[PDB]
Amino acid sequence: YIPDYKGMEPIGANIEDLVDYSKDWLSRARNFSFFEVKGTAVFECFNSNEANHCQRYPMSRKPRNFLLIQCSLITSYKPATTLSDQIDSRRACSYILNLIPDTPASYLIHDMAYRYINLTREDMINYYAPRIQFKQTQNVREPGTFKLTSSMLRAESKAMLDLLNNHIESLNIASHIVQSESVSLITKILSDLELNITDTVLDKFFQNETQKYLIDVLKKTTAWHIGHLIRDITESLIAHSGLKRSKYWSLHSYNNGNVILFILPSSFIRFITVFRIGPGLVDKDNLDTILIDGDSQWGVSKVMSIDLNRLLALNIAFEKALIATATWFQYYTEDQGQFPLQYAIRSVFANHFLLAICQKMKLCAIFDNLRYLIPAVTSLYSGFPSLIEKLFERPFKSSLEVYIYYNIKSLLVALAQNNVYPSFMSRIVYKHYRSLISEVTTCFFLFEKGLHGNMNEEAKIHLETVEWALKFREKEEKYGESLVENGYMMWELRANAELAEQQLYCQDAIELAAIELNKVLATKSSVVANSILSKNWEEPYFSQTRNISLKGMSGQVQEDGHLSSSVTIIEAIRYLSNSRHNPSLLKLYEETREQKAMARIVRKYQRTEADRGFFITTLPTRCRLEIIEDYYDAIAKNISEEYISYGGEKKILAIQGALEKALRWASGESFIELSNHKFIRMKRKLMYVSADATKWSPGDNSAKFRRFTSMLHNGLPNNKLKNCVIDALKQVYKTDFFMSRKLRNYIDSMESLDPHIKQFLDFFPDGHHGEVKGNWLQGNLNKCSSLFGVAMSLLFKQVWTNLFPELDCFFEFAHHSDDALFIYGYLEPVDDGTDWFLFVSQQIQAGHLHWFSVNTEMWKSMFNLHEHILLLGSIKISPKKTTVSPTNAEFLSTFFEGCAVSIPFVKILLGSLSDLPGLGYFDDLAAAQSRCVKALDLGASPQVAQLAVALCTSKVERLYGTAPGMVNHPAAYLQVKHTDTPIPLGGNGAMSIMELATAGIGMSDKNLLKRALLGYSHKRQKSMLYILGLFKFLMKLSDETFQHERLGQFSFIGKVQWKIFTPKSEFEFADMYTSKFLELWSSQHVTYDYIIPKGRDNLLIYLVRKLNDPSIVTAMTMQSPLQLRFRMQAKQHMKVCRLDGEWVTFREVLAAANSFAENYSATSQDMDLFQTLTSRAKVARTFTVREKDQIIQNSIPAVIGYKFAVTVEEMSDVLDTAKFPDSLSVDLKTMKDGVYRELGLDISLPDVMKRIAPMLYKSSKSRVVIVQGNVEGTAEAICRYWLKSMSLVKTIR
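Q: Report on the packing of aromatic side chains, specifying residues and quantitative values.
A: Per the stated rule, a full pass over the model turns up 69 aromatic pairs. Ring geometry for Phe444 and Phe445: centres 5.3 Å apart, planes at 55 degrees, overall tilted. Of the two residues examined, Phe444 and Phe445, each falls in the buried class. Between the aromatic rings of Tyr824 and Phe863, the centroid separation amounts to 6.3 Å while the plane-to-plane angle is 85 degrees, which identifies the pairing as edge-to-face. With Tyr824 in strand β24 (residues 819-829) and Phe863 in helix α32 (residues 858-871), this residue pair connects regions lying 39 residues apart in the sequence. Of the residues examined, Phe863 reaches a relative accessible area of 2% and is grouped as buried.

Q: Quick one: what's the story with the environment of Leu619, residue by residue and with numbers?
A: Structurally, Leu619 is set in helix α24 (residues 619-636). With a relative accessible area of 13%, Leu619 lands in the buried category. Apart from the residues lying within four places of it in its own chain, the contact partners of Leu619 are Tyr541, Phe542, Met553 and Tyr575.

Q: An account of helix α36 (residues 942-960) is needed here, citing residue identities and associated values.
A: In this model α36 runs 27 Å from its N-terminal to its C-terminal C-alpha over 19 residues, within 8% of the 27 Å that 1.5 Å per residue would give. Within α36, 15 of the 19 residues are buried, leaving the element largely enclosed by the surrounding structure. Count one or two residues on from α36 and you reach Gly961, which has phi positive near 70 degrees.

Q: How would you sum up the environment of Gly1201? Please name residues and give values.
A: The topology assignment puts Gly1201 in helix α46 (residues 1196-1204). Residue classification places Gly1201 among the buried residues on the basis of a relative accessible area of 0%. Spatially, the C-alpha atoms of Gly1201 and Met1211 are 8.1 Å apart, while their sequence positions differ by 10 residues. Setting aside residues no more than four positions away along its own chain, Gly1201 makes contact with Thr1087 and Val1214.

Q: Lay out a nonpolar patch on the surface in plain terms, naming residues and giving numbers.
A: On the surface, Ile844, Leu849 and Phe852 cluster together into a nonpolar patch covering about 250 Å² of accessible area. Take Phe852: it is sitting in the loop between α31 (835-845) and α32. Relative accessible area serves as the criterion here: at 42%, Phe852 is assigned to the partly exposed category.

Q: Please give an account of the nonpolar core that cites residues and values.
A: Core analysis: the largest hydrophobic core is formed by 224 residues, its most contacted members being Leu193, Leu281, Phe353, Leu354, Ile357 and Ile404. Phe353 has contacts with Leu193, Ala223, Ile226, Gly227, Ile230, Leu281, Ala317, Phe318 and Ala321, leaving out every residue within four places of it along the chain. Among the nonpolar cores identified, the runner-up in size contains 158 residues, and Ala636, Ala693, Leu1100 and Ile1112 belong to it.

Q: So what's going on with the domain arrangement of the protein? Residues and values would help.
A: The assigned domain composition of the protein is domain 1 (15-29 + 488-519 + 655-694 + 783-885), domain 2 (39-61 + 326-447), domain 3 (71-167 + 224-315), domain 4 (524-639 + 698-778), domain 5 (967-985 + 996-1059 + 1135-1173) and domain 6 (1186-1260). Look at where the C-alpha atoms of domain 1 and domain 3 centre, and you get two points 69 Å apart.

Q: Give me helix α13 (residues 361-377): which residues, what numbers.
A: Each α-helix winds once per 3.6 residues, and so residues spaced three or four apart point in a common direction. The end-to-end C-alpha separation of α13 is 24 Å, in line with the 24 Å expected for 17 residues at 1.5 Å each. Residue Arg371 marks the point of greatest curvature in α13, where the axis turns by about 30 degrees; the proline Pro375 follows within four residues. Within α13, 13 of the 17 residues are buried, leaving the element largely enclosed by the surrounding structure.

Q: I'd like to hear about the sheet that holds strand β17 (residues 597-601), residue by residue, with values.
A: Ordered by their spatial adjacency, four strands build an open sheet running β18-β17-β21-β22, and the pairing between neighbours is mixed. Strands with a single pairing partner mark the edges of an open sheet, and in this sheet they are β18 (615-617) and β22 (769-773). Shown here is a sheet whose adjacent strand axes are inclined to one another by a mean of 35 degrees, direction ignored. Note that strand β21 (residues 734-738) and β22 share five bridges and pair antiparallel. When the bridges of β22 are listed, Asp736 appears paired with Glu771.

The rules behind the values
- Residues numbered from 1 in each chain as written, not as in the entry; some residues may be left out.
- Heavy atoms only, no water.
- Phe/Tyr/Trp six-rings, centres within 6.5 Å; stacked < 30°, edge-to-face > 60°.
- Buried < 20%, exposed > 50% of the residue type's maximum accessible area, 1.4 Å probe, protein only.
- Helix = DSSP H or I, 4+ residues; strand = E, 2+ residues; numbered from the N terminus.
- Contact = heavy atoms within 4.5 Å.
- Expected span 1.5 Å × (residues − 1).
- Patch = residues over 30% accessible without salt bridge, like charges linked within 9 Å, V, L, I, M, F, W, Y side chains within 5 Å.
- Areas by Shrake-Rupley, 256 points an atom, 1.4 Å probe, with all protein chains shown as cover.
- Salt bridge = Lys/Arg side-chain N within 4 Å of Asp/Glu carboxyl O.
- Core = buried A, V, L, I, M, F, W, Y, C linked by side-chain atoms within 4.5 Å.
- Domains from an automatic or database assignment.
- Bend = angle between axes of the 7 residues up to and from the residue.
- Pairing = 2+ DSSP bridges.
- Axes fitted to C-alpha atoms, helices over the stretch in contact; angles between N-to-C directions.

And the structure:
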């Protein structure tokens, strides 16, 4: 059923009126929006911005600190142990007590060292004892800490403490003295960092290329050992960051007592570093003091306060620097065709390490802006003045920022003078522009995303939203609400000419654009109608994975008056609780039609991986947006070969057609008839423009689509669905935008209300929310906007064709996500342009005044009219990030960069070192290895991905203590090797990227079980039976059934259960059903392990069970500070493993596994279960692990659900889910035959199907792999491509 919603009637829109307006508009002189790129122009922009910046800021003569931890190293650093720590602390404090303090901080250092020396022997025993063996003492109350009362502190120490616990300017970068000082300091630090301090077939290539040219070179550097030392220091800081430990004092010593860390009763943790002065990370002007004891100097730093996100960023600084340097290494070999020299790789490593330890928002913003500044200076025209001006929007405080700014200025001026690409990080020169882009991309990704969302970048977006809303209100008060909403008419533009601004649109332009797009959509009416009707407007709303996800959503207006920040699954459960049925999309929109749209900014502590953007809106708003996007994504799929690229085969046809037509047209000559048969010859040239035209803007108007969808051709016999889309667009026009409690508190805290804060407060008249109109607040209207922009560009093309019929001008365009490429083919006179100007003057004298624009620089007038016609639809081309050039170098990269597939592998490699789920050793290892495999899929070299695998595995083993020589090393408690140990029991797996990418992450355990079976059943080996017993023990510990919504890693042969984070308050509705009820329901409903229920009651039970999943609770509280600190804590000595209904350490689980495996005897059922359980140009080829039989027409989850469907509700849900419900037994027979063919198993036998169905479910899924060449879509072709890419420099075919 579809209601009868009112639509719109076609007004009288004539293309001739717009053509006449364009004639009148082009008859005058129009300013071009972009500036010609010249080295002098860029230099003068930098100089003027320096002069302006230094006069509007308070000048400082003392740069601020940029090194969180200052230290030095002259000898190779041996990693810290508990025994060496005590010896180093004793000798270091003996050194320190022989010093004469002169500052309050140095006095505090002396006092703490004196207290440490005067601790008793039991104090020493309990200080270094594990929490299990720890005993409280009158001086030591927590392990690793000691008590320091105010009696033992001196007057200076007490004064320092009182100052600490009882708590903008810029540097003169225009001056050469500040420049020289900053450059000299950073150059000295970098030079100290670079100073040298005192098998598988892939392994051959690794040890010949990456080990020899990368690892063996950086392994001797000072930065390597400082990275390991900083890892030790940050581990000590993390250990002290515990809830019970942070209230006491701590003292640690590293590098034979040469470095000492003093930790204060710290949220932010406070510490002081005292070190021996030497080569390393030393900034003597930002040190608290330097104490002299003869020929030795000891630098004492200030009290440094650091939070957990920066502490995590500093802990993995060495790994991040090494991964970035390996990426730079791979890109260098791709560019130059050989290996980097030693000095270049050492300098790059030092720069990456310095960037990794200095995590500041200013550096992140600088490296983000550089990514747009580099294209702006390598093109003929761009908006480089604005981008350069953006570099000066924040003060320059530290010397690192000045150094980076000066290097950027030098690089940009050099690039602008060159229209051979200079490198930003070394003395090399690149042959390709992509390498220079990738350098700054890798540098930008070195900065964590945890420093984003601070309490300035949320106020920024609040103010931006409110400012645009107030500008919208001004235009409503000026022209009237009707003109602003319904648009203005063409005769009003011809009389005002101020009406053609952003947030305003012309009705006639919208209708004409819709007509122009109908010209091409009318040849595929049936296809468009079928694509629209295939969106399943009658399918239940909450049975879709996008409507029950973990993405953020707005909740309800609370009693205090604020908008809740909830999850889209909790709101689904809340709706279904009060609803007797599961409504469809249109029925849900009917029910929630009269509820006003609401929006707020997502809380940074409640963000998830599924969250995109900053705004979260209520359920009715998402329903309306989903209606509009189903409709528009259905219509826009039918021009996918022409103007918009989506993915797969039709991901490249748009640009291919556009550029090939441009090249075909340009390879010709034009002839214009001035008089008689005497013609004038013209040379055809091409101009390329890249603009983020489709990108969401806060200053847009959503009402412009209402007349668009009203006039657009959909091929359906009635307007009912079209009118529903119009009405849903009408219901998202006005929104209640709410502030955050954080912003309200921050504004209430300040005493001086700024003039720009007063107006922001007046926007909110009740202090909670204000009305926003026109803007849809980052709501998903991407395909609607892309289609609207395509229609507007087609309207411009028609208008230009009607303007100059005798001129054979050219215009093509393509869209990809927010990016758009426009190609203008213009004419230039051959030889000297005398006949051309004479003809233009004759045309103007004849009354064709619009020929004034086409006189010189035809492409500029083409772009001017295109931009004006786009602005008639409230589309503003960005004057900053739009790039114009006669060739396409920044345009074949920016166009596709922005997709879910063109993401650089740098981000994935650098994110495999953090954000681990914390679900256990096996789950964390699998997550890290899967992230490395994904990075390999995205373009990482096998050697780079292998290095990342090694780094991530070492980090996980260190975290859980399973590395050799550690507490939980499996070989110390099991009678097998470390390679014959199951991954859940502390093993490490294949540890080969080429086998993790092809076979899988958990196939190592299956291979081990295969070896154990084939050894025991053939030779009756005792050790093979021991391995069988270990696997049986793992199966006994935890044997879970596969749920397709679980976010963890599935283990086929058992797992160890680990303690997870317990939030302070459990999620709402999570206690609706008891765990016993959910366990029974899951046992008796095996179909709903592969499909989502369609009924209301079954979907409630399904969603409440999903809410109680430990891998979902973990992902919903991913950014919580408590979980974030819980993941950092070392699980080496913690009782976090489940055994016999009790929480025990991991080595107790290993001892129990050994005991079970010794006294284990194999049975026929066990043997049967074990046998069942063991059975050039960059493109984006998508492959499948084992592919699907052509006879299989339905989806694998649907066939498995049909296999397990028993209840009438389950069978109905399976038939609704299946795309071809009639041919379901035919697919089940085919799958039964295929399983017997390949696996040799019969699924009709009990428990065989339940065990092997997850394998088929994974095999159903497909992956996207970036391959460089003629690689086909088969898995074999991609495997051979990866084997060919095993060598960085030489082909190994």
